[PDB]
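Notes follow the structure.
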Amino acid sequence: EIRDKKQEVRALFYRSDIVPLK
Amino acid sequence: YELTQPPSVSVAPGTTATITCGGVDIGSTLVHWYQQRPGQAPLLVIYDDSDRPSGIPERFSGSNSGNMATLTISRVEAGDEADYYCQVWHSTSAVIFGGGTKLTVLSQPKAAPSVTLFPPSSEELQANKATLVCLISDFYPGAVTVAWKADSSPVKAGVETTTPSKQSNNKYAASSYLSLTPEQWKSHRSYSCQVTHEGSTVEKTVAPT
Amino acid sequence: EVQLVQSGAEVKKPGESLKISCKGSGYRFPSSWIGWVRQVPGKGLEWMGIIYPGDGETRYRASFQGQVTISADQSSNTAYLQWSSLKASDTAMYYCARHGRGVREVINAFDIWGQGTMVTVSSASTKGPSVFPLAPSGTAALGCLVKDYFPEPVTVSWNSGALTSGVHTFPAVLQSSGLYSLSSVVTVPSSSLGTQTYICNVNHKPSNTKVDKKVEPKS
């Protein structure tokens, strides 16, 4: 449950450190 | 979206301090808590509801559910006295902080403020300015609210108030200023400074006569 | 260690542009958001905007859109907050803070903060204070009001430091005119009002001004 909420919240500001985007 | 915090909380040392953060469905997001001491930058004390960063003592804890999140400080100590802010990332472009909560760890008994209301001096009126000065001293904890009344009506225009500051005796003092034109000053029956502290109000009045 | 070091305090006039900076060290600058937060002295924290230095994505609070611009330098690891036209209501402390990029390996919060940059916006230049008495009328409070001076600070003493008990000098307020005002107060035995003389000494070094004002009871 906490994992689900964490994924939901982090999706708002998630940025990948790999360039270019796959 | 708004996060609601109590403006001030006071607790005895060694007891459990509880600071709440009010939001709609805030339990469906992640709440973070920051500590700020006067003159210093904020410090992260809790993140992801219940997680402590390294260097934060274990007495700090947190919870979050329904429409309320909570910061809990067990065995609260004098060193924990400070402002505390809750924070969430609500939407893509919305990052929100709560209004903040001043946590006082009671080191002495509660003291009501002494209020002195000075009317404009004659010299200031000679300079074509009028300033009513409300000085508030010797109150504890250091949280007050100041209101000004012209006759019996509240006035917000022309009011400037300082944030309470520690006196030498570790009690607090504050000041408020009401700016008037000499004509305004002379055209009213009375003016009042009202200081509310811990549920009790102290009022002082002055009249042009 | 990981740290953010911000630029020095600024005093500017309305309508002027300004750029304050935040230098990150001890970590990989591209892989963390940098947010800017405003705090008016005595008030709470207000989020302004945030930038991801890895590609320059920026997000702003609606009310700050169009007033400020956030940018980043990937070679000097420096974030910037910039005003094109300052207003008096921009006077505040400004913090930068690092925020994780949304993975479990990092803290998804503002885990590292800069020390803060104080920005004061006023149309005024150096100006000495006007000192007015706050006359008393079994203790009585008397003081003096130090008005319309710029810039900070002024120091206040009583009877050249000989009167120190019951004395409090309050912090200054910045008026809409761009000038500062403060008060100093002292509590004294109401029986000594007739005989004892009370003089507040105001010193404003920026304008090289000293004022000695004797405060007396009024009829």
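Computed from heavy atoms alone, side chains included, the values below leave out hydrogens, waters and symmetry copies. Lettering of chains follows the sequences in order, A, B, ..., and the numbering in each one begins at 1.
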Practice task
Starting from the C-alpha separation in whole Å, work towards a yes-or-no answer on ring pair (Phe, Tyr, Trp, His ring centres under 6.0 Å) for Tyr191(B) and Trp185(B).
Solution key: CA-CA 9 Å; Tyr191(B) 292 85; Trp185(B) 162 246; 5.6 Å; yes

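Proximity to chain B involves both the backbone and the side chain of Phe110(C), based on heavy atoms less than 4.5 angstrom apart. Of the two parts of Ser93(B), the backbone and the side chain both hold a non-hydrogen atom closer than 4.5 Å to a non-hydrogen atom of chain C. Contact annotation for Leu117(B): neither backbone nor side-chain heavy atoms come within less than 4.5 Å of a heavy atom of chain C. When heavy atoms are compared at a cutoff of 4.5 Å, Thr131(B) approaches chain C solely by way of its side chain, counted from C-beta outward. For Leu142(C), the part sitting under 4.5 Å from any heavy atom of chain B is the backbone (N, CA, C, O) and nothing else. Only the side chain of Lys147(C) comes within contact range of chain B, with at least one heavy atom under 4.5 Å from a heavy atom of that chain. At a 4.5 Å heavy-atom cutoff, the contact between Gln40(B) and chain C is made by backbone atoms alone. Both the backbone and the side chain of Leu45(C) come within less than 4.5 Å of a heavy atom of chain B. For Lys102(B), no part lies near chain C; criterion is any non-hydrogen pair under 4.5 Å.
Of the options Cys144(C), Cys200(C), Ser183(C), a side chain to side chain contact (heavy atoms under 4.5 Å, CB included) to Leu134(C) is made by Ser183(C) and by none of the others. Just one residue in the list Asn201(C), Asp212(C), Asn203(C) forms a side-chain hydrogen bond (donor to acceptor under 3.5 Å, both in side chains) with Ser157(C), and that residue is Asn201(C).
Residue with the most contacts toward chain C among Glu124(B), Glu160(B), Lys129(B): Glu124(B) (heavy-atom pairs, distance under 4.5 Å). Annotation: maximal heavy-atom pairing with chain C below 4.5 Å, among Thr162(B), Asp138(B), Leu44(B), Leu43(B), occurs at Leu44(B). When each of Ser179(B), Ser121(B), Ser114(B), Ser168(B) is scored by its heavy-atom pairs under 4.5 Å with chain C, the top score falls to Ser121(B). Comparing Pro171(C), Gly116(C), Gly49(C) by how many heavy-atom pairs each has under 4.5 Å with chain B, the most go to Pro171(C). When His99(C), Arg61(C), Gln115(C), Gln175(C) are compared by the number of non-hydrogen pairs under 4.5 Å with chain B, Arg61(C) comes out ahead. Contact count versus chain C (heavy atoms, under 4.5 Å) is highest, among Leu30(B), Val95(B), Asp51(B), for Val95(B). Listed options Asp83(B), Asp48(B), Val133(B) were ranked by heavy-atom pairs under 4.5 angstrom with chain C; first place goes to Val133(B).
Taking the side chain as every heavy atom from C-beta outward, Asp111(C) and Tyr47(B) never approach each other to under 4.5 Å. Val11(C) is not listed as a side-chain neighbour of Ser122(C), based on a closest heavy-atom distance of 4.5 Å or more.
The aromatic rings of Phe139(B) and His197(B) sit perpendicular to each other, their planes meeting at more than 60°, with 30° as the lower class boundary. A tilted orientation is assigned to the rings of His32(B) and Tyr34(B), their planes being inclined by 30° to 60°. Using cut-offs of 30° and 60° on the angle between ring planes, the pair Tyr27(C) and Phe29(C) is tilted.
Summarising the local packing, NZ of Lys23(C) is surrounded by 12 or fewer heavy atoms from other residues, nucleotides or ligands at distances under 6.0 Å.
Residues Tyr198(C) and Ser192(C) bring a donor and an acceptor atom of their side chains to less than 3.5 Å of each other.
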